[PDB]
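Enquirer: This is the structure I want to talk about, given as structure tokens.
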Amino acid sequence: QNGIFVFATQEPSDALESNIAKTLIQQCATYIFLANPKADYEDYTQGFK
Amino acid sequence: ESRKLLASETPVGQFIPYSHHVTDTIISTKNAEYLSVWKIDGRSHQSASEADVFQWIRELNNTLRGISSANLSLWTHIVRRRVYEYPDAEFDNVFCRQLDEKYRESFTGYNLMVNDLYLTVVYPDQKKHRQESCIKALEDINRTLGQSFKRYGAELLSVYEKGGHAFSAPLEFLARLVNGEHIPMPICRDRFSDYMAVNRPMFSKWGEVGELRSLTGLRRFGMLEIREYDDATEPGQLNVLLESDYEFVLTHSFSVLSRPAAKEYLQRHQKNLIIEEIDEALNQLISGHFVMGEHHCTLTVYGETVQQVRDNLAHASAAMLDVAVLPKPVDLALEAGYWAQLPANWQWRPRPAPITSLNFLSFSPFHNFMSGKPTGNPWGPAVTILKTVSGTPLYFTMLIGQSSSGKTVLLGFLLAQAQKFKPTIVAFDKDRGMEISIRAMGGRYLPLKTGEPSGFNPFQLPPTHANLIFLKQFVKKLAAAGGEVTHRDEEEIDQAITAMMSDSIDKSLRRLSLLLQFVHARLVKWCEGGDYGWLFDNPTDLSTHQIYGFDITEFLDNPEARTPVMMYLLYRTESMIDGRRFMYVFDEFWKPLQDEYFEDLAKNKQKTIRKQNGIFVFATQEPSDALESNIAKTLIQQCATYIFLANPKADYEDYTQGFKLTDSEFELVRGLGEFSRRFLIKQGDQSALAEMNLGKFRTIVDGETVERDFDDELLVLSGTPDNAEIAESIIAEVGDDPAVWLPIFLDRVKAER
Amino acid sequence: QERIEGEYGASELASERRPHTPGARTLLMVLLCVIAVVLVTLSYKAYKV
Amino acid sequence: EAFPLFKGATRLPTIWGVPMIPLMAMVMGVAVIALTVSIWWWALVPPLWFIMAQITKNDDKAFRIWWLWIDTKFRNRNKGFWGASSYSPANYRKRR
């Protein structure tokens, strides 16, 4: 019935670790990535497709 | 005119080259060409690295090239077929009946078909001499193939007796080749060629399709043929026809060929061409690394109407063209091809074209999706049928994996569907999860908890000398808080138990507290008024129901009490196993089993019980925590049907070293989603990433998509202490019968939802 | 005296027909027209000689 | 990495590029014609021999298919009665 979740995050590294964030990362259609001076291959590729 | 038309026919015997069984595994032929049939459980292909299928082909070719006599032949036969043998199961529980009706409703529109591979390696006094020479040669070939198919689950088919008469196992397969059905072929007193066809075939004058006029119904078959290879023999390129929506029979042939003749064929190719490729080809052939042979492959699709069989033929042609083997439907030689499927028929093959042996074993690597055995099992029909990510259904023990991923859901599902066997069950669970299910299956569930009286005690035990042995052992094990038990303590305990259990003392008076009147100071704590007086010193102390349950949740923190509780419960269940179908199950096994006492008794009674239909269905939440201990090791190595579950955290060491799981399969397990329902069954060497799923779907009834949901049974089967603490309330208000209180329990569920 | 109802009669396979590529007939006819005019002129000289 | 497959497949034993068995059939047929009507008729060899070379080069094993059809689906007597070529399952070998 026309529901939407618009999540957000400051430290995507801190989120993908927990169980709860996993289903919600995989359950979001429209990703919107932002920039960071520090990046890690593992999180961005493995978690966020 | 009836007789005139009758006598003027060519019977099918002219085309079927078979005769008497000469050995229980080998069939003769009018040309004296003895053969044997090899039923093969093809090893899985999905769950392996690409290089490892190369390695499998290497091993297979290495074993073949030893025995590939110039006199040999091979007919592989992957007879895709649909399952008509899976009887609907009677039931008594209402909850189980609903669950099974819903589950079988969830299969409307699913490929219910099982692959069946095969292999037939073919080969007066001097007639007898030829007879033993051929039998011994072929028997050596059979032994070598059996030893070479260790990981392929092969089984040589041989005569079996039913009702004081001989029924042939191979003849049923070759008859399936002739008839299109599975007619049980007995061993009568004629040549098999005379009476082995019970279906009048009919082939079109100008076409590719035919028709089998049988009692049970017409079956229209349309053959097909391969005639154009390419610059490749990629391993298992004919896998795409395993996933088919059309029931067919593939075929092959490899008439192994002499080294001079093969070298001449390759010299002919060299001459026509004329560098380095044929240099190495010829050098290998001389150096004995492959053996050429004459080959032909005839996919024949079965169907019910001529349009549909043509549609399936076009589909199969598209499938073959996808893997770069240009097929052309057989049109003029339909009948010759159809008579070229029966093993020991070279004179009927349409297009025999020589190829490398590596290449033939690449057209038939004996790959197969795991399917299991629907019928013929020791208990009977298969317990459940599970969705597989591949698509082909699996016709279904140590479950391992981090919980809440459906482990309790899974075990409840199996234990709920397994009642077609009417099996006894004894469920040691954790965190009250199985209470709702065990109550729904109409058996006693004891919810053991601290602070409430235990409810069962050994006061009224039978007095036989063996039972005296057990009770003496128990009180010698219960004694632990006091300290070390001496020889004198033992004598005292023995005399006391003997005196108490004498005919002079009334059963109703027998209690731990009474025992004290006959070590005393140390047992006081287990008596009424002591710290543990609520457990075994009850005033009154099992054959009523079938599916029992016991909760041992609070005993994970208890070092001392695990041994008495498990000792007593297991002893009571030991007397149960007298041949009836018995199914022990467990949960987080090691901690209940982390006891120095009964590891040896467990292994010995395990070997004993396994005979009279005994089963252990283990479980685990943290497989890392289990493999460490000694006790869990024998039990990991003593479980046939692994069922792995997913985990966000995985370790190479445990999964590979302990659980005999390969590297590709381990990476597959790691790749699983966090909470996606996907569990890797591993019965034997074969593997299959199956998934029982409880998602939303549509039903084809009366043209009505009746939305059917499994959540009404999920909230029953799924483990929830919260849901259980209100289920207990509603049962307390009305405890009539699980068949009766189930609707009102669902009502209160809808009230809280 | 009629075929007995609801039985297996002759095959349904005799209904099959060999399809014709829908260019063979027309161009085959025209090809034979030209080859025939050549051959008739040829036998015209045959008899005339 | 696929195992090499060489195109010595169905490179049948051929003389002049034509298999032995069908060419011998043509030799027998042309010899029959020569002995029957006239002796000038070993000129019937090169035309049909060349057409057979062109047939074999395109589709190497046409003649085996031809012979299989001729032997089986052409011999079967009651093609018309059944609407299709059929072989009786019960072995009626004309005995009683």
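Note on naming: chains are A, B, ... as they come in the structure tokens, residues start from 1 per chain, ligands start from 1 in the order shown.
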For the interface of chain B with chain D (cut-off 8 Å, counting only C-alpha atoms), please tabulate each contacting residue of chain B alongside its nearest pair of atoms and their separation in Å to one decimal, rows sorted by chain and increasing number, as a tab-separated table.
Expert:
residue	atom	partner	partner_atom	distance
B:6	CA	D:92	CA	7.1
B:7	CA	D:94	CA	4.9
B:8	CA	D:94	CA	7.6
B:9	CA	D:88	CA	6.5
B:10	CA	D:87	CA	5.6
B:11	CA	D:88	CA	4.8
B:12	CA	D:89	CA	5.6
B:13	CA	D:91	CA	6.9
B:194	CA	D:91	CA	5.9
B:195	CA	D:90	CA	6.9
B:197	CA	D:89	CA	5.4
B:198	CA	D:89	CA	5.8
B:199	CA	D:89	CA	6.2
B:200	CA	D:89	CA	5.3
B:201	CA	D:86	CA	5.7
B:202	CA	D:86	CA	4.4
B:203	CA	D:85	CA	5.1
B:204	CA	D:84	CA	4.9
B:205	CA	D:84	CA	5.8
B:230	CA	D:5	CA	7.2
B:231	CA	D:5	CA	5.9
B:232	CA	D:2	CA	5.3
B:233	CA	D:3	CA	5.0
B:234	CA	D:2	CA	4.6
B:235	CA	D:2	CA	7.1
B:265	CA	D:8	CA	6.4
B:266	CA	D:8	CA	6.1
B:268	CA	D:8	CA	6.9
B:269	CA	D:8	CA	4.6
B:332	CA	D:69	CA	5.8
B:333	CA	D:69	CA	5.6
B:335	CA	D:73	CA	7.2
B:336	CA	D:68	CA	6.3
B:348	CA	D:68	CA	7.4
B:350	CA	D:65	CA	6.0
B:351	CA	D:61	CA	6.9
B:352	CA	D:10	CA	7.5
B:353	CA	D:10	CA	4.8
B:354	CA	D:9	CA	5.0
B:355	CA	D:9	CA	6.2
B:356	CA	D:5	CA	6.8
B:358	CA	D:3	CA	6.9
B:359	CA	D:3	CA	6.6
Enquirer: Give me, as a PyMOL selection string, all polymer residues having an atom no more than 12 Å from residue 16 (chain C), counting only C-alpha atoms and skipping those fewer than 3 positions away in the same chain.
Expert: (chain B and resi 203-210+306-307+310) or (chain C and resi 11-13+19) or (chain D and resi 83-84)
Enquirer: DSSP on the backbone: which residues in region 21-83 of chain D end up as alpha helix (DSSP H)? Give the answer as number ranges by chain.
Expert: D: 21-36, 45-58, 62-72, 79-82
Enquirer: Hey, list the chain B side of the contact with chain A: 9 Å cut-off, only C-alpha atoms, answer as a ChimeraX atom specification.
Expert: /B:648,673-675
Enquirer: Print the selection's residues with N, CA and C atoms to a file, as an mmCIF file, in the first residue's frame.
Expert:
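Output below, filename out_11.cif:
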data_model
loop_
_atom_site.group_PDB
_atom_site.id
_atom_site.type_symbol
_atom_site.label_atom_id
_atom_site.label_comp_id
_atom_site.auth_asym_id
_atom_site.auth_seq_id
_atom_site.Cartn_x
_atom_site.Cartn_y
_atom_site.Cartn_z
ATOM 1 N N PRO B 648 27.013 -15.955 8.263
ATOM 2 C CA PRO B 648 27.849 -14.812 7.867
ATOM 3 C C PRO B 648 29.311 -14.992 8.215
ATOM 4 N N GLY B 673 23.433 -16.325 1.275
ATOM 5 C CA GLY B 673 22.963 -15.124 1.929
ATOM 6 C C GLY B 673 22.848 -15.295 3.431
ATOM 7 N N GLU B 674 22.729 -14.161 4.121
ATOM 8 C CA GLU B 674 22.680 -14.187 5.578
ATOM 9 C C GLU B 674 21.441 -14.918 6.083
ATOM 10 N N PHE B 675 20.259 -14.540 5.586
ATOM 11 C CA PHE B 675 19.001 -15.155 6.001
ATOM 12 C C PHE B 675 18.225 -15.758 4.838
#
Enquirer: What is the distance, in Å and to one decimal place, between CA of residue 320 (chain B) and CA of residue 239 (chain B)?
Expert: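 Computed distance, CA of residue 320 (chain B) to CA of residue 239 (chain B), equals 9.7 Å.
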Enquirer: So that I can see what lies close to residue 329 (chain B), please list as a PyMOL selection string the residues with an atom at most 8 Å from it, counting only C-alpha atoms and leaving out residues fewer than 2 positions away in the same chain.
Expert: chain B and resi 208+223-225+327+331
Enquirer: Those same residues, written as a PDB file, in the first residue's frame with N, CA and C atoms?
Expert:
ATOM      1  N   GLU B 208       9.756 -37.747 -38.852  1.00  0.00           N
ATOM      2  CA  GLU B 208      10.706 -37.983 -37.776  1.00  0.00           C
ATOM      3  C   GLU B 208      10.055 -38.495 -36.504  1.00  0.00           C
ATOM      4  N   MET B 223      12.729 -38.655 -32.791  1.00  0.00           N
ATOM      5  CA  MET B 223      14.161 -38.848 -32.654  1.00  0.00           C
ATOM      6  C   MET B 223      14.910 -37.622 -33.163  1.00  0.00           C
ATOM      7  N   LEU B 224      16.210 -37.593 -32.898  1.00  0.00           N
ATOM      8  CA  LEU B 224      17.074 -36.501 -33.316  1.00  0.00           C
ATOM      9  C   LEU B 224      18.496 -37.035 -33.363  1.00  0.00           C
ATOM     10  N   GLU B 225      19.391 -36.292 -34.005  1.00  0.00           N
ATOM     11  CA  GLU B 225      20.710 -36.826 -34.304  1.00  0.00           C
ATOM     12  C   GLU B 225      21.738 -35.708 -34.354  1.00  0.00           C
ATOM     13  N   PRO B 327      22.948 -30.129 -34.679  1.00  0.00           N
ATOM     14  CA  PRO B 327      22.119 -31.321 -34.859  1.00  0.00           C
ATOM     15  C   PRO B 327      21.209 -31.218 -36.067  1.00  0.00           C
ATOM     16  N   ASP B 331      15.344 -38.174 -40.254  1.00  0.00           N
ATOM     17  CA  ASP B 331      14.095 -38.240 -40.999  1.00  0.00           C
ATOM     18  C   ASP B 331      13.943 -39.549 -41.761  1.00  0.00           C
TER      19      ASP B 331
END
Enquirer: Rounded to one decimal, what separation in Å do you get between CA of residue 41 (chain B) and CA of residue 23 (chain B)?
Expert: 23.6 Å
Enquirer: Got a sec: who's within 9 Å of region 345-347 of chain B, counting only C-alpha atoms, leaving out chain neighbours fewer than 3 positions off, as a VMD selection string?
Expert: chain B and resid 15 to 17 253 255 336 339 to 342 350 352
Enquirer: Would you kindly return, as an NGL selection string, each protein, DNA or RNA residue with an atom no farther than 12 Å from any atom of residue 28 (chain B), considering only C-alpha atoms and excluding same-chain residues fewer than 4 positions away?
Expert: :B and (16-24 or 32-36 or 122-123 or 131 or 134-135 or 138 or 170-171 or 191-193 or 343-344)
Enquirer: Could you save the residues just selected, with N, CA and C atoms, as a compact mmCIF listing (two decimals), in the first residue's frame?
Expert:
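Resulting contents of selection_10.txt:
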# COMPACT_ATOMS: atom_id res chain seq x y z
N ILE B 16 15.41 -56.97 -32.13
CA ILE B 16 15.83 -56.97 -30.73
C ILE B 16 16.88 -58.07 -30.57
N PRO B 17 18.15 -57.73 -30.38
CA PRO B 17 19.22 -58.74 -30.33
C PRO B 17 19.54 -59.24 -28.92
N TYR B 18 18.63 -60.01 -28.31
CA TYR B 18 18.86 -60.51 -26.96
C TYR B 18 18.34 -61.93 -26.83
N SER B 19 18.84 -62.61 -25.80
CA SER B 19 18.47 -63.98 -25.49
C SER B 19 18.76 -64.28 -24.03
N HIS B 20 18.79 -65.56 -23.69
CA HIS B 20 18.86 -66.02 -22.30
C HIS B 20 19.92 -65.26 -21.50
N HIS B 21 19.60 -64.97 -20.24
CA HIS B 21 20.65 -64.67 -19.27
C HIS B 21 21.61 -65.85 -19.20
N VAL B 22 22.90 -65.58 -19.32
CA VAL B 22 23.90 -66.63 -19.23
C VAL B 22 24.56 -66.55 -17.86
N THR B 23 24.84 -65.34 -17.40
CA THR B 23 25.24 -65.08 -16.03
C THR B 23 24.23 -64.13 -15.40
N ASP B 24 24.17 -64.11 -14.07
CA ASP B 24 23.14 -63.32 -13.40
C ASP B 24 23.28 -61.84 -13.70
N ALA B 32 25.94 -64.07 -30.05
CA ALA B 32 26.85 -64.39 -28.95
C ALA B 32 27.71 -63.19 -28.58
N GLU B 33 27.06 -62.11 -28.18
CA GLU B 33 27.72 -60.88 -27.77
C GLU B 33 27.20 -60.51 -26.39
N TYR B 34 27.93 -60.92 -25.36
CA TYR B 34 27.49 -60.79 -23.98
C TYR B 34 27.71 -59.37 -23.47
N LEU B 35 26.73 -58.86 -22.73
CA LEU B 35 26.77 -57.48 -22.25
C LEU B 35 26.25 -57.41 -20.82
N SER B 36 26.56 -56.30 -20.15
CA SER B 36 26.10 -56.05 -18.79
C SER B 36 25.69 -54.59 -18.68
N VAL B 122 29.66 -53.70 -23.66
CA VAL B 122 29.37 -54.88 -24.45
C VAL B 122 30.70 -55.51 -24.86
N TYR B 123 30.66 -56.78 -25.27
CA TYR B 123 31.89 -57.50 -25.60
C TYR B 123 31.63 -58.43 -26.78
N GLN B 131 32.29 -69.19 -24.66
CA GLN B 131 31.39 -68.73 -23.61
C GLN B 131 32.15 -68.31 -22.36
N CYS B 134 34.45 -65.16 -23.00
CA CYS B 134 33.73 -63.89 -22.99
C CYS B 134 33.22 -63.53 -21.60
N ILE B 135 32.69 -64.51 -20.86
CA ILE B 135 32.18 -64.20 -19.52
C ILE B 135 33.29 -63.71 -18.62
N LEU B 138 34.35 -60.10 -19.73
CA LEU B 138 33.38 -59.08 -19.37
C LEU B 138 33.27 -58.93 -17.86
N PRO B 170 18.29 -55.93 -15.76
CA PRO B 170 18.63 -55.22 -17.00
C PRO B 170 17.50 -55.24 -18.00
N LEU B 171 16.80 -56.37 -18.14
CA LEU B 171 15.74 -56.48 -19.13
C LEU B 171 14.69 -55.41 -18.95
N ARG B 191 13.47 -67.27 -25.72
CA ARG B 191 14.40 -66.19 -25.98
C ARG B 191 13.74 -64.87 -25.63
N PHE B 192 14.51 -63.95 -25.06
CA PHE B 192 13.93 -62.66 -24.69
C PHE B 192 13.41 -61.91 -25.91
N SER B 193 14.04 -62.11 -27.07
CA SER B 193 13.62 -61.43 -28.28
C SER B 193 12.17 -61.74 -28.62
N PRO B 343 21.43 -51.79 -26.83
CA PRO B 343 22.85 -52.16 -26.87
C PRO B 343 23.06 -53.43 -27.68
N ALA B 344 24.25 -53.52 -28.27
CA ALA B 344 24.63 -54.59 -29.19
C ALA B 344 23.92 -54.47 -30.54
Enquirer: Residues near residue 13 (chain A), anyone? I mean within 10 Å using only C-alpha atoms, not counting same-chain ones fewer than 5 positions away, as a list in words.
Expert: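 Residues near the query, excluding close chain neighbours: residues 18, 39, 40, 42, 43, 44 and 47 of chain A.
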Enquirer: Generate the output file for the selected residues, N, CA and C atoms, as an mmCIF file, in the first residue's frame.
Expert:
data_model
loop_
_atom_site.group_PDB
_atom_site.id
_atom_site.type_symbol
_atom_site.label_atom_id
_atom_site.label_comp_id
_atom_site.auth_asym_id
_atom_site.auth_seq_id
_atom_site.Cartn_x
_atom_site.Cartn_y
_atom_site.Cartn_z
ATOM 1 N N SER A 18 26.667 -5.820 10.964
ATOM 2 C CA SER A 18 25.581 -6.396 11.743
ATOM 3 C C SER A 18 24.643 -7.212 10.861
ATOM 4 N N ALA A 39 38.201 4.313 1.606
ATOM 5 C CA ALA A 39 37.329 3.310 1.018
ATOM 6 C C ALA A 39 37.960 1.937 1.184
ATOM 7 N N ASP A 40 37.114 0.909 1.172
ATOM 8 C CA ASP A 40 37.555 -0.468 1.338
ATOM 9 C C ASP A 40 36.870 -1.317 0.278
ATOM 10 N N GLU A 42 36.244 -4.541 0.242
ATOM 11 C CA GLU A 42 35.378 -5.609 0.727
ATOM 12 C C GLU A 42 33.943 -5.136 0.886
ATOM 13 N N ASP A 43 33.740 -4.051 1.632
ATOM 14 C CA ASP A 43 32.381 -3.612 1.920
ATOM 15 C C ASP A 43 31.641 -3.257 0.638
ATOM 16 N N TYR A 44 32.231 -2.379 -0.178
ATOM 17 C CA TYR A 44 31.529 -1.861 -1.345
ATOM 18 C C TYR A 44 31.234 -2.946 -2.370
ATOM 19 N N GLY A 47 29.130 -6.328 -0.148
ATOM 20 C CA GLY A 47 27.839 -6.016 0.428
ATOM 21 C C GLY A 47 26.873 -5.343 -0.524
#
Enquirer: How far is it from CA of residue 316 (chain B) to CA of residue 301 (chain B), in Å with one decimal?
Expert: 8.4 Å
Enquirer: Find the spatial neighbours of residue 7 (chain A), counting only C-alpha atoms, within a cut-off of 9 Å - ignore same-chain residues fewer than 2 positions away - and output them as a list in words.
Expert: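 Those residues are residues 5, 9, 24 and 28 of chain A.
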